[PDB]
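*Asks:* Just one file: model.pdb, with PDB, C-alpha atoms and all ligand atoms.
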```
ATOM      1  CA  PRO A   1     118.066 107.495  89.803  1.00  0.00           C
ATOM      2  CA  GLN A   2     117.571 104.886  92.529  1.00  0.00           C
ATOM      3  CA  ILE A   3     114.444 102.789  91.974  1.00  0.00           C
ATOM      4  CA  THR A   4     112.868 100.835  94.811  1.00  0.00           C
ATOM      5  CA  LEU A   5     110.841  97.720  94.040  1.00  0.00           C
ATOM      6  CA  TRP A   6     107.693  98.002  96.170  1.00  0.00           C
ATOM      7  CA  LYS A   7     106.021  98.983  92.873  1.00  0.00           C
ATOM      8  CA  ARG A   8     106.612  97.764  89.329  1.00  0.00           C
ATOM      9  CA  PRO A   9     109.657  99.590  87.839  1.00  0.00           C
ATOM     10  CA  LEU A  10     107.662 101.156  85.010  1.00  0.00           C
ATOM     11  CA  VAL A  11     109.291 103.922  82.968  1.00  0.00           C
ATOM     12  CA  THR A  12     108.438 106.003  79.921  1.00  0.00           C
ATOM     13  CA  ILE A  13     110.423 105.167  76.790  1.00  0.00           C
ATOM     14  CA  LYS A  14     110.710 106.899  73.423  1.00  0.00           C
ATOM     15  CA  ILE A  15     111.015 104.741  70.310  1.00  0.00           C
ATOM     16  CA  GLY A  16     110.185 105.479  66.696  1.00  0.00           C
ATOM     17  CA  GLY A  17     109.215 108.966  67.836  1.00  0.00           C
ATOM     18  CA  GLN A  18     106.412 107.678  70.089  1.00  0.00           C
ATOM     19  CA  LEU A  19     106.269 107.522  73.884  1.00  0.00           C
ATOM     20  CA  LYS A  20     105.385 104.236  75.578  1.00  0.00           C
ATOM     21  CA  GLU A  21     105.415 102.664  79.036  1.00  0.00           C
ATOM     22  CA  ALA A  22     107.757  99.744  79.702  1.00  0.00           C
ATOM     23  CA  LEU A  23     108.982  97.602  82.593  1.00  0.00           C
ATOM     24  CA  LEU A  24     112.641  97.546  83.638  1.00  0.00           C
ATOM     25  CA  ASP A  25     113.183  93.771  83.618  1.00  0.00           C
ATOM     26  CA  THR A  26     116.488  92.414  84.928  1.00  0.00           C
ATOM     27  CA  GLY A  27     115.194  88.877  84.352  1.00  0.00           C
ATOM     28  CA  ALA A  28     115.010  89.470  80.594  1.00  0.00           C
ATOM     29  CA  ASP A  29     118.045  88.983  78.369  1.00  0.00           C
ATOM     30  CA  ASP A  30     116.301  90.898  75.584  1.00  0.00           C
ATOM     31  CA  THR A  31     113.925  93.811  75.054  1.00  0.00           C
ATOM     32  CA  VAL A  32     110.445  92.799  73.870  1.00  0.00           C
ATOM     33  CA  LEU A  33     107.657  95.249  73.020  1.00  0.00           C
ATOM     34  CA  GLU A  34     104.021  94.727  72.084  1.00  0.00           C
ATOM     35  CA  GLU A  35     102.846  95.108  68.483  1.00  0.00           C
ATOM     36  CA  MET A  36     103.808  98.468  67.004  1.00  0.00           C
ATOM     37  CA  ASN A  37     104.847  99.900  63.648  1.00  0.00           C
ATOM     38  CA  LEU A  38     108.607 100.438  63.661  1.00  0.00           C
ATOM     39  CA  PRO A  39     110.536 101.771  60.646  1.00  0.00           C
ATOM     40  CA  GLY A  40     113.333  99.829  59.009  1.00  0.00           C
ATOM     41  CA  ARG A  41     114.055  96.231  58.136  1.00  0.00           C
ATOM     42  CA  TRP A  42     113.528  93.280  60.464  1.00  0.00           C
ATOM     43  CA  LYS A  43     113.990  89.514  60.517  1.00  0.00           C
ATOM     44  CA  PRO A  44     111.814  86.776  62.040  1.00  0.00           C
ATOM     45  CA  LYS A  45     113.027  85.396  65.357  1.00  0.00           C
ATOM     46  CA  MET A  46     111.847  83.204  68.229  1.00  0.00           C
ATOM     47  CA  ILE A  47     112.017  84.066  71.932  1.00  0.00           C
ATOM     48  CA  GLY A  48     111.078  81.862  74.883  1.00  0.00           C
ATOM     49  CA  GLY A  49     109.503  82.896  78.159  1.00  0.00           C
ATOM     50  CA  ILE A  50     107.855  81.300  81.171  1.00  0.00           C
ATOM     51  CA  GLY A  51     104.978  80.013  79.036  1.00  0.00           C
ATOM     52  CA  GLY A  52     106.867  78.902  75.942  1.00  0.00           C
ATOM     53  CA  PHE A  53     108.116  80.380  72.689  1.00  0.00           C
ATOM     54  CA  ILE A  54     106.643  83.089  70.464  1.00  0.00           C
ATOM     55  CA  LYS A  55     107.490  84.507  67.049  1.00  0.00           C
ATOM     56  CA  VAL A  56     108.762  88.099  67.085  1.00  0.00           C
ATOM     57  CA  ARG A  57     110.114  90.713  64.684  1.00  0.00           C
ATOM     58  CA  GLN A  58     113.762  91.555  65.386  1.00  0.00           C
ATOM     59  CA  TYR A  59     114.793  95.173  64.773  1.00  0.00           C
ATOM     60  CA  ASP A  60     118.521  95.833  65.131  1.00  0.00           C
ATOM     61  CA  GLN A  61     120.296  99.090  65.983  1.00  0.00           C
ATOM     62  CA  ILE A  62     117.079 100.838  67.039  1.00  0.00           C
ATOM     63  CA  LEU A  63     117.314 104.154  68.872  1.00  0.00           C
ATOM     64  CA  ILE A  64     115.378 104.043  72.151  1.00  0.00           C
ATOM     65  CA  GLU A  65     115.330 106.561  75.013  1.00  0.00           C
ATOM     66  CA  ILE A  66     114.736 105.174  78.513  1.00  0.00           C
ATOM     67  CA  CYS A  67     113.959 107.861  81.102  1.00  0.00           C
ATOM     68  CA  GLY A  68     116.160 110.240  79.132  1.00  0.00           C
ATOM     69  CA  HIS A  69     119.046 107.767  78.730  1.00  0.00           C
ATOM     70  CA  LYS A  70     119.783 106.926  75.102  1.00  0.00           C
ATOM     71  CA  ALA A  71     120.352 103.361  73.940  1.00  0.00           C
ATOM     72  CA  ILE A  72     120.808 101.867  70.474  1.00  0.00           C
ATOM     73  CA  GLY A  73     120.228  98.144  70.256  1.00  0.00           C
ATOM     74  CA  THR A  74     117.987  95.257  69.342  1.00  0.00           C
ATOM     75  CA  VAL A  75     114.243  95.505  69.958  1.00  0.00           C
ATOM     76  CA  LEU A  76     111.959  92.487  69.558  1.00  0.00           C
ATOM     77  CA  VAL A  77     108.336  93.184  68.623  1.00  0.00           C
ATOM     78  CA  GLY A  78     105.666  90.581  69.251  1.00  0.00           C
ATOM     79  CA  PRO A  79     102.901  89.238  71.495  1.00  0.00           C
ATOM     80  CA  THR A  80     104.510  89.893  74.852  1.00  0.00           C
ATOM     81  CA  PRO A  81     102.045  90.574  77.698  1.00  0.00           C
ATOM     82  CA  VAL A  82     104.142  93.565  78.826  1.00  0.00           C
ATOM     83  CA  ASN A  83     106.643  95.961  77.280  1.00  0.00           C
ATOM     84  CA  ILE A  84     109.914  94.866  78.908  1.00  0.00           C
ATOM     85  CA  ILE A  85     113.334  96.522  78.798  1.00  0.00           C
ATOM     86  CA  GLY A  86     115.899  93.726  79.017  1.00  0.00           C
ATOM     87  CA  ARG A  87     119.573  93.575  79.886  1.00  0.00           C
ATOM     88  CA  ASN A  88     120.700  94.299  76.322  1.00  0.00           C
ATOM     89  CA  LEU A  89     119.492  97.873  76.886  1.00  0.00           C
ATOM     90  CA  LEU A  90     119.722  98.107  80.682  1.00  0.00           C
ATOM     91  CA  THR A  91     123.498  97.709  80.340  1.00  0.00           C
ATOM     92  CA  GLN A  92     123.594 100.623  77.882  1.00  0.00           C
ATOM     93  CA  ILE A  93     122.020 102.988  80.426  1.00  0.00           C
ATOM     94  CA  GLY A  94     124.349 101.829  83.192  1.00  0.00           C
ATOM     95  CA  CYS A  95     121.767  99.966  85.256  1.00  0.00           C
ATOM     96  CA  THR A  96     122.885  97.775  88.172  1.00  0.00           C
ATOM     97  CA  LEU A  97     121.219  95.925  91.035  1.00  0.00           C
ATOM     98  CA  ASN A  98     122.284  96.794  94.573  1.00  0.00           C
ATOM     99  CA  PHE A  99     121.458  95.239  97.949  1.00  0.00           C
TER     100      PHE A  99
ATOM    101  CA  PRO B   1     126.734  93.943  96.777  1.00  0.00           C
ATOM    102  CA  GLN B   2     126.452  95.461  93.289  1.00  0.00           C
ATOM    103  CA  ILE B   3     125.352  93.182  90.445  1.00  0.00           C
ATOM    104  CA  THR B   4     126.044  94.222  86.872  1.00  0.00           C
ATOM    105  CA  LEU B   5     123.726  93.143  84.071  1.00  0.00           C
ATOM    106  CA  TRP B   6     126.293  92.018  81.481  1.00  0.00           C
ATOM    107  CA  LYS B   7     125.108  88.515  82.388  1.00  0.00           C
ATOM    108  CA  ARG B   8     122.031  87.088  84.048  1.00  0.00           C
ATOM    109  CA  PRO B   9     121.829  88.345  87.663  1.00  0.00           C
ATOM    110  CA  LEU B  10     122.122  84.815  89.047  1.00  0.00           C
ATOM    111  CA  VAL B  11     122.630  84.379  92.795  1.00  0.00           C
ATOM    112  CA  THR B  12     122.655  81.531  95.298  1.00  0.00           C
ATOM    113  CA  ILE B  13     119.564  81.150  97.486  1.00  0.00           C
ATOM    114  CA  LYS B  14     118.650  78.812 100.341  1.00  0.00           C
ATOM    115  CA  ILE B  15     115.070  77.516 100.525  1.00  0.00           C
ATOM    116  CA  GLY B  16     113.542  74.475 102.203  1.00  0.00           C
ATOM    117  CA  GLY B  17     117.049  73.612 103.341  1.00  0.00           C
ATOM    118  CA  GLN B  18     118.357  73.484  99.755  1.00  0.00           C
ATOM    119  CA  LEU B  19     120.804  75.706  97.887  1.00  0.00           C
ATOM    120  CA  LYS B  20     119.733  76.814  94.420  1.00  0.00           C
ATOM    121  CA  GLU B  21     120.571  79.288  91.659  1.00  0.00           C
ATOM    122  CA  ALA B  22     118.017  82.053  91.110  1.00  0.00           C
ATOM    123  CA  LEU B  23     117.532  85.211  89.054  1.00  0.00           C
ATOM    124  CA  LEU B  24     117.100  88.592  90.749  1.00  0.00           C
ATOM    125  CA  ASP B  25     114.160  89.707  88.601  1.00  0.00           C
ATOM    126  CA  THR B  26     112.773  93.233  88.847  1.00  0.00           C
ATOM    127  CA  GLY B  27     110.292  92.292  86.115  1.00  0.00           C
ATOM    128  CA  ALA B  28     108.558  89.708  88.327  1.00  0.00           C
ATOM    129  CA  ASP B  29     105.922  90.800  90.840  1.00  0.00           C
ATOM    130  CA  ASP B  30     106.254  87.513  92.748  1.00  0.00           C
ATOM    131  CA  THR B  31     108.759  84.699  93.216  1.00  0.00           C
ATOM    132  CA  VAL B  32     108.604  81.546  91.076  1.00  0.00           C
ATOM    133  CA  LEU B  33     110.752  78.513  91.894  1.00  0.00           C
ATOM    134  CA  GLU B  34     111.489  75.240  90.104  1.00  0.00           C
ATOM    135  CA  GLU B  35     109.413  72.190  91.016  1.00  0.00           C
ATOM    136  CA  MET B  36     110.195  71.114  94.570  1.00  0.00           C
ATOM    137  CA  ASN B  37     108.241  69.178  97.196  1.00  0.00           C
ATOM    138  CA  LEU B  38     107.774  71.693 100.009  1.00  0.00           C
ATOM    139  CA  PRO B  39     105.798  70.821 103.164  1.00  0.00           C
ATOM    140  CA  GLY B  40     102.656  72.665 104.169  1.00  0.00           C
ATOM    141  CA  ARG B  41      99.450  73.791 102.537  1.00  0.00           C
ATOM    142  CA  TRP B  42      99.259  75.430  99.119  1.00  0.00           C
ATOM    143  CA  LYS B  43      96.734  76.644  96.574  1.00  0.00           C
ATOM    144  CA  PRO B  44      96.822  76.275  92.781  1.00  0.00           C
ATOM    145  CA  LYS B  45      97.380  79.292  90.560  1.00  0.00           C
ATOM    146  CA  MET B  46      98.033  80.130  86.909  1.00  0.00           C
ATOM    147  CA  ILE B  47     100.765  82.662  86.099  1.00  0.00           C
ATOM    148  CA  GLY B  48     101.423  84.140  82.677  1.00  0.00           C
ATOM    149  CA  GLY B  49     104.337  85.558  80.731  1.00  0.00           C
ATOM    150  CA  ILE B  50     105.866  85.404  77.275  1.00  0.00           C
ATOM    151  CA  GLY B  51     104.474  82.305  75.581  1.00  0.00           C
ATOM    152  CA  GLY B  52     101.476  81.807  77.863  1.00  0.00           C
ATOM    153  CA  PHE B  53     100.754  80.396  81.318  1.00  0.00           C
ATOM    154  CA  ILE B  54     102.015  77.637  83.599  1.00  0.00           C
ATOM    155  CA  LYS B  55     100.304  76.070  86.609  1.00  0.00           C
ATOM    156  CA  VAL B  56     102.034  76.641  89.954  1.00  0.00           C
ATOM    157  CA  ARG B  57     101.481  75.879  93.634  1.00  0.00           C
ATOM    158  CA  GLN B  58     101.378  78.957  95.869  1.00  0.00           C
ATOM    159  CA  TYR B  59     103.058  78.593  99.269  1.00  0.00           C
ATOM    160  CA  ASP B  60     102.798  81.426 101.795  1.00  0.00           C
ATOM    161  CA  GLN B  61     105.334  82.663 104.359  1.00  0.00           C
ATOM    162  CA  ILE B  62     108.290  80.686 103.003  1.00  0.00           C
ATOM    163  CA  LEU B  63     111.781  81.568 104.239  1.00  0.00           C
ATOM    164  CA  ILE B  64     114.536  82.124 101.669  1.00  0.00           C
ATOM    165  CA  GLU B  65     118.055  83.483 102.166  1.00  0.00           C
ATOM    166  CA  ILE B  66     119.476  85.385  99.182  1.00  0.00           C
ATOM    167  CA  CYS B  67     123.239  85.984  99.484  1.00  0.00           C
ATOM    168  CA  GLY B  68     122.998  85.958 103.264  1.00  0.00           C
ATOM    169  CA  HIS B  69     119.942  88.249 103.273  1.00  0.00           C
ATOM    170  CA  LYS B  70     116.907  86.550 104.814  1.00  0.00           C
ATOM    171  CA  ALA B  71     113.416  87.011 103.381  1.00  0.00           C
ATOM    172  CA  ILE B  72     110.014  85.447 104.064  1.00  0.00           C
ATOM    173  CA  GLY B  73     107.062  85.608 101.707  1.00  0.00           C
ATOM    174  CA  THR B  74     104.965  83.919  99.061  1.00  0.00           C
ATOM    175  CA  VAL B  75     106.636  81.559  96.584  1.00  0.00           C
ATOM    176  CA  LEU B  76     105.050  79.950  93.523  1.00  0.00           C
ATOM    177  CA  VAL B  77     106.319  76.458  92.693  1.00  0.00           C
ATOM    178  CA  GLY B  78     105.985  74.909  89.261  1.00  0.00           C
ATOM    179  CA  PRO B  79     107.640  74.038  85.947  1.00  0.00           C
ATOM    180  CA  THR B  80     109.559  77.256  85.403  1.00  0.00           C
ATOM    181  CA  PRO B  81     112.844  76.991  83.454  1.00  0.00           C
ATOM    182  CA  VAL B  82     114.609  79.265  85.981  1.00  0.00           C
ATOM    183  CA  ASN B  83     114.231  80.162  89.648  1.00  0.00           C
ATOM    184  CA  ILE B  84     112.904  83.739  89.720  1.00  0.00           C
ATOM    185  CA  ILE B  85     113.232  86.020  92.753  1.00  0.00           C
ATOM    186  CA  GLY B  86     110.510  88.641  92.361  1.00  0.00           C
ATOM    187  CA  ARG B  87     109.901  92.032  93.916  1.00  0.00           C
ATOM    188  CA  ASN B  88     107.962  90.544  96.837  1.00  0.00           C
ATOM    189  CA  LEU B  89     111.324  89.260  98.140  1.00  0.00           C
ATOM    190  CA  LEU B  90     113.726  91.728  96.497  1.00  0.00           C
ATOM    191  CA  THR B  91     112.286  94.519  98.655  1.00  0.00           C
ATOM    192  CA  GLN B  92     112.887  92.504 101.826  1.00  0.00           C
ATOM    193  CA  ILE B  93     116.620  92.197 101.077  1.00  0.00           C
ATOM    194  CA  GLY B  94     116.984  95.895 100.244  1.00  0.00           C
ATOM    195  CA  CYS B  95     117.413  95.520  96.482  1.00  0.00           C
ATOM    196  CA  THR B  96     117.327  98.587  94.232  1.00  0.00           C
ATOM    197  CA  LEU B  97     117.846  99.408  90.565  1.00  0.00           C
ATOM    198  CA  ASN B  98     120.389 102.166  89.934  1.00  0.00           C
ATOM    199  CA  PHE B  99     121.327 103.996  86.729  1.00  0.00           C
TER     200      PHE B  99
HETATM  201  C1  LIG A 101     107.449  88.971  81.062  1.00  0.00           C
HETATM  202  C2  LIG A 101     107.487  89.633  82.440  1.00  0.00           C
HETATM  203  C3  LIG A 101     106.412  90.721  82.583  1.00  0.00           C
HETATM  204  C4  LIG A 101     107.298  88.607  83.571  1.00  0.00           C
HETATM  205  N1  LIG A 101     108.331  87.553  83.626  1.00  0.00           N
HETATM  206  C5  LIG A 101     109.609  87.917  84.268  1.00  0.00           C
HETATM  207  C6  LIG A 101     110.771  88.045  83.270  1.00  0.00           C
HETATM  208  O1  LIG A 101     111.902  88.653  83.905  1.00  0.00           O
HETATM  209  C7  LIG A 101     111.178  86.745  82.548  1.00  0.00           C
HETATM  210  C8  LIG A 101     111.923  85.773  83.485  1.00  0.00           C
HETATM  211  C9  LIG A 101     112.386  84.530  82.770  1.00  0.00           C
HETATM  212  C10 LIG A 101     111.461  83.568  82.360  1.00  0.00           C
HETATM  213  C11 LIG A 101     111.919  82.442  81.701  1.00  0.00           C
HETATM  214  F1  LIG A 101     111.006  81.518  81.315  1.00  0.00           F
HETATM  215  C12 LIG A 101     113.261  82.222  81.425  1.00  0.00           C
HETATM  216  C13 LIG A 101     114.146  83.208  81.844  1.00  0.00           C
HETATM  217  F2  LIG A 101     115.466  83.044  81.594  1.00  0.00           F
HETATM  218  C14 LIG A 101     113.745  84.351  82.506  1.00  0.00           C
HETATM  219  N2  LIG A 101     112.008  87.067  81.396  1.00  0.00           N
HETATM  220  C15 LIG A 101     111.635  86.845  80.109  1.00  0.00           C
HETATM  221  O2  LIG A 101     110.613  86.306  79.733  1.00  0.00           O
HETATM  222  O3  LIG A 101     112.608  87.322  79.286  1.00  0.00           O
HETATM  223  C16 LIG A 101     112.513  86.997  77.887  1.00  0.00           C
HETATM  224  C17 LIG A 101     113.131  88.126  77.078  1.00  0.00           C
HETATM  225  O4  LIG A 101     114.544  87.928  77.203  1.00  0.00           O
HETATM  226  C18 LIG A 101     114.810  86.527  77.320  1.00  0.00           C
HETATM  227  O5  LIG A 101     115.630  86.228  78.422  1.00  0.00           O
HETATM  228  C19 LIG A 101     114.974  85.348  79.364  1.00  0.00           C
HETATM  229  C20 LIG A 101     113.719  84.809  78.669  1.00  0.00           C
HETATM  230  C21 LIG A 101     113.451  85.816  77.547  1.00  0.00           C
HETATM  231  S1  LIG A 101     107.760  85.979  83.850  1.00  0.00           S
HETATM  232  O6  LIG A 101     108.941  85.139  84.060  1.00  0.00           O
HETATM  233  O7  LIG A 101     106.837  85.743  82.749  1.00  0.00           O
HETATM  234  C22 LIG A 101     106.850  86.013  85.398  1.00  0.00           C
HETATM  235  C23 LIG A 101     105.461  86.119  85.376  1.00  0.00           C
HETATM  236  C24 LIG A 101     104.769  86.156  86.580  1.00  0.00           C
HETATM  237  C25 LIG A 101     105.463  86.089  87.797  1.00  0.00           C
HETATM  238  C26 LIG A 101     104.726  86.136  89.117  1.00  0.00           C
HETATM  239  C27 LIG A 101     103.463  85.276  89.077  1.00  0.00           C
HETATM  240  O8  LIG A 101     104.439  87.517  89.371  1.00  0.00           O
HETATM  241  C28 LIG A 101     106.851  85.989  87.796  1.00  0.00           C
HETATM  242  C29 LIG A 101     107.555  85.954  86.600  1.00  0.00           C
END
```
The structure in this file should be written as structure tokens.
Ligand SMILES: CC(C)CN(C[C@@H](O)[C@H](Cc1cc(F)cc(F)c1)NC(=O)O[C@H]1CO[C@H]2OCC[C@H]21)S(=O)(=O)c1ccc([C@H](C)O)cc1
*Replies:*
Amino acid sequence: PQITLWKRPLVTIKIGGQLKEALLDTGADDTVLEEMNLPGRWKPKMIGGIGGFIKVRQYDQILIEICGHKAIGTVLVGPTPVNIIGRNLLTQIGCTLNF
Amino acid sequence: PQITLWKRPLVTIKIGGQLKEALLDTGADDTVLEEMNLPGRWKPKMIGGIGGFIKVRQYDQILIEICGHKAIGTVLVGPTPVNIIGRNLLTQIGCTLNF
């Protein structure tokens, strides 16, 4: 679809069989979700944001459905204030900015 | 134009008479710019993201041109690692997400 920006671009995602709300975030290189139980193996990683760096759990090759568009990529799980869908997955669903 | 998300959506802006590089960020409600000494009155604010909060100075009704598209709104100035163009200005230039 076409998404205007007068409101937050929040969408419903499906990951690990559970539905969640997340923000389409073109300013994020990576996808970062709040604490949740994901299946599979993971490795410790660090990610930096506006306030500094946090420790996260890196899950690779995770199936995630964004508004009915399938993606398979890296998902970082940790103390982010907001579930954000970053460019690593936005590219998979064919998302572009237009003005 | 159309901006793909293979790389950071970095564009040239003009603010306070200066050219800068800034991120078109659908995940940001408001616009946050690197430290710069702007004239006029301002009020202090704390803004939060991954890693915590930073202190910024809120300026109102600031003019910024983003790829030849003029916008005027609130800008937050402080120690951000990147200039962030948020939805408050992305709407004014006609920016949409499309997938
Ligand atoms: C988290 C989100 C809900 C909000 N943020 C936007 C977000 O797009 C941010 C931009 C960004 C920050 C940064 F320090 C470096 C950078 F390159 C990009 N991206 C980000 O943290 O991404 C993470 C994951 O991927 C990595 O790539 C880049 C960093 C890593 S914010 O910046 O906290 C913010 C808060 C409040 C306001 C106003 C007050 O409303 C405006 C902005």
*Asks:* May I have the residues of chain B within 7 Å of chain A, counting only C-alpha atoms, written as a list in words?
*Replies:* residues 1, 2, 3, 4, 5, 6, 23, 24, 25, 26, 27, 48, 49, 50, 51, 52, 53, 54, 80, 81, 87, 91, 93, 94, 95, 96, 97, 98 and 99 of chain B
*Asks:* What does chain A look like after a least-squares fit onto chain B on every Cα paired in order, written as a short mmCIF file (atom, residue, chain, number, x, y, z; two decimals) with C-alpha atoms, in the coordinates of the input?
*Replies:*
```cif
data_model
loop_
_atom_site.label_atom_id
_atom_site.label_comp_id
_atom_site.auth_asym_id
_atom_site.auth_seq_id
_atom_site.Cartn_x
_atom_site.Cartn_y
_atom_site.Cartn_z
CA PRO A 1 126.48 94.36 97.04
CA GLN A 2 126.44 96.14 93.68
CA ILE A 3 125.61 93.79 90.81
CA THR A 4 126.46 94.70 87.23
CA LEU A 5 124.41 93.24 84.39
CA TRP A 6 126.95 92.11 81.78
CA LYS A 7 126.19 88.61 83.12
CA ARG A 8 122.95 87.08 84.37
CA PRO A 9 122.35 88.15 88.02
CA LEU A 10 122.40 84.59 89.34
CA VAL A 11 122.60 84.07 93.11
CA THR A 12 122.51 81.15 95.52
CA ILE A 13 119.35 80.87 97.60
CA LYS A 14 118.44 78.69 100.57
CA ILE A 15 114.88 77.38 100.82
CA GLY A 16 113.47 74.37 102.62
CA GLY A 17 116.99 73.71 103.86
CA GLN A 18 118.36 73.20 100.33
CA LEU A 19 120.62 75.47 98.29
CA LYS A 20 119.59 76.44 94.76
CA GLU A 21 120.56 78.90 92.03
CA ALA A 22 118.10 81.62 91.05
CA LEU A 23 117.93 84.74 88.88
CA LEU A 24 117.33 88.19 90.37
CA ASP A 25 114.42 89.27 88.15
CA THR A 26 113.16 92.85 88.44
CA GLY A 27 110.69 92.14 85.62
CA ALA A 28 108.88 89.56 87.76
CA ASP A 29 106.17 90.59 90.21
CA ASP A 30 106.41 87.18 91.89
CA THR A 31 108.96 84.51 92.78
CA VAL A 32 108.65 81.31 90.74
CA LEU A 33 110.81 78.21 91.25
CA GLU A 34 111.05 74.95 89.34
CA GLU A 35 109.51 71.75 90.70
CA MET A 36 110.70 70.96 94.21
CA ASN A 37 109.34 69.41 97.40
CA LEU A 38 108.50 72.19 99.85
CA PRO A 39 106.98 71.55 103.29
CA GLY A 40 103.66 73.02 104.35
CA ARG A 41 100.30 73.68 102.76
CA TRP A 42 99.78 75.25 99.35
CA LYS A 43 96.95 76.32 97.05
CA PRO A 44 96.63 76.09 93.26
CA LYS A 45 97.27 79.33 91.39
CA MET A 46 97.84 80.61 87.85
CA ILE A 47 100.67 82.88 86.71
CA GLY A 48 101.20 84.39 83.26
CA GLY A 49 104.46 85.03 81.48
CA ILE A 50 105.70 85.93 78.01
CA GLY A 51 104.41 82.65 76.59
CA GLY A 52 101.10 82.37 78.41
CA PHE A 53 99.76 81.04 81.69
CA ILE A 54 100.83 78.04 83.78
CA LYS A 55 99.48 76.31 86.88
CA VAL A 56 101.67 76.66 89.98
CA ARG A 57 101.64 75.73 93.66
CA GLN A 58 101.48 78.80 95.91
CA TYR A 59 103.36 78.55 99.21
CA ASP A 60 102.84 81.50 101.56
CA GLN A 61 105.12 82.79 104.31
CA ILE A 62 108.08 80.68 103.18
CA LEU A 63 111.51 81.40 104.63
CA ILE A 64 114.07 81.98 101.88
CA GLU A 65 117.65 83.26 102.14
CA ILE A 66 118.99 85.23 99.16
CA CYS A 67 122.76 85.76 99.26
CA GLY A 68 122.55 85.79 103.05
CA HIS A 69 119.57 88.19 103.19
CA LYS A 70 116.51 86.65 104.82
CA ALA A 71 113.04 87.01 103.31
CA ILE A 72 109.70 85.47 104.26
CA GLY A 73 107.08 85.56 101.55
CA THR A 74 105.17 83.81 98.81
CA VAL A 75 106.96 81.29 96.59
CA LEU A 76 105.29 79.84 93.49
CA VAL A 77 106.41 76.37 92.40
CA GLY A 78 105.80 75.19 88.86
CA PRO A 79 107.11 74.72 85.32
CA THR A 80 109.11 77.91 85.01
CA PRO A 81 112.15 77.67 82.70
CA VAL A 82 114.31 79.43 85.32
CA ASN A 83 114.26 79.95 89.08
CA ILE A 84 113.40 83.65 89.37
CA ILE A 85 113.40 85.90 92.44
CA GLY A 86 110.68 88.50 91.88
CA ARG A 87 109.90 91.87 93.40
CA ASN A 88 107.87 90.38 96.26
CA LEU A 89 111.18 89.17 97.71
CA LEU A 90 113.60 91.66 96.13
CA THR A 91 111.87 94.40 98.14
CA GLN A 92 112.42 92.42 101.35
CA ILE A 93 116.20 92.37 100.81
CA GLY A 94 116.30 96.07 99.98
CA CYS A 95 117.07 95.72 96.28
CA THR A 96 116.91 98.78 94.00
CA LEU A 97 117.88 99.62 90.43
CA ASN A 98 120.32 102.47 89.88
CA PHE A 99 121.54 104.21 86.72
#
```
*Asks:* Suppose you want the space between atom CA of residue A:76 and atom CA of residue B:33; what is it in Å?
*Replies:*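 It comes out at 26.4 Å.
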*Asks:* Axis-aligned box over every listed atom of ligand LIG 101 (chain A), padded by 3 Å per side: centre and edges in Å to one decimal, as AutoDock Vina command-line options?
*Replies:*
```
--center_x 109.5 --center_y 86.1 --center_z 83.2 --size_x 18.2 --size_y 15.2 --size_z 18.3
```
*Asks:* Extract, using all atoms listed in the file, all DNA, RNA and protein residues at most 6 Å from stretch 61-63 of chain B, discarding same-chain residues fewer than 5 positions from it, and format them as a list in words.
*Replies:*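 Listing them by chain and then by number gives residues 71, 72, 73 and 74 of chain B.
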*Asks:* Write out as an MDAnalysis selection string the residues lying within 8 Å of stretch 36-40 of chain B, counting all atoms listed in the file and excluding same-chain residues fewer than 5 positions away.
*Replies:* chainID B and resid 16 59 77:78
*Asks:* Do you have the atom CA of residue A:83-atom CA of residue B:22 distance handy?
*Replies:*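 These two atoms are separated by 22.7 Å.
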*Asks:* Starting from the incomplete input, reconstruct N, CA and C atoms of stretch 88-97 of chain A and report them as an mmCIF file, in the frame of the given file.
*Replies:*
```cif
data_model
loop_
_atom_site.group_PDB
_atom_site.id
_atom_site.type_symbol
_atom_site.label_atom_id
_atom_site.label_comp_id
_atom_site.auth_asym_id
_atom_site.auth_seq_id
_atom_site.Cartn_x
_atom_site.Cartn_y
_atom_site.Cartn_z
ATOM 1 N N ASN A 88 119.977 93.776 77.477
ATOM 2 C CA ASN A 88 120.700 94.299 76.322
ATOM 3 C C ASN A 88 120.667 95.821 76.298
ATOM 4 N N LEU A 89 119.589 96.423 76.796
ATOM 5 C CA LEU A 89 119.492 97.873 76.886
ATOM 6 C C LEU A 89 119.765 98.402 78.283
ATOM 7 N N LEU A 90 119.430 97.641 79.331
ATOM 8 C CA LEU A 90 119.722 98.107 80.682
ATOM 9 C C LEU A 90 121.218 98.339 80.869
ATOM 10 N N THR A 91 122.054 97.507 80.240
ATOM 11 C CA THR A 91 123.498 97.709 80.340
ATOM 12 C C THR A 91 123.915 99.022 79.688
ATOM 13 N N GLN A 92 123.251 99.392 78.588
ATOM 14 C CA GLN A 92 123.594 100.623 77.882
ATOM 15 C C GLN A 92 123.374 101.852 78.755
ATOM 16 N N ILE A 93 122.359 101.828 79.613
ATOM 17 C CA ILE A 93 122.020 102.988 80.426
ATOM 18 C C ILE A 93 122.705 102.915 81.785
ATOM 19 N N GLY A 94 123.568 101.919 81.973
ATOM 20 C CA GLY A 94 124.349 101.829 83.192
ATOM 21 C C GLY A 94 123.601 101.295 84.389
ATOM 22 N N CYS A 95 122.611 100.442 84.171
ATOM 23 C CA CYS A 95 121.767 99.966 85.256
ATOM 24 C C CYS A 95 122.445 98.813 85.988
ATOM 25 N N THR A 96 122.399 98.859 87.327
ATOM 26 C CA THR A 96 122.885 97.775 88.172
ATOM 27 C C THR A 96 121.892 97.505 89.296
ATOM 28 N N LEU A 97 121.965 96.298 89.844
ATOM 29 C CA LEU A 97 121.219 95.925 91.035
ATOM 30 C C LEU A 97 122.115 96.095 92.254
#
```
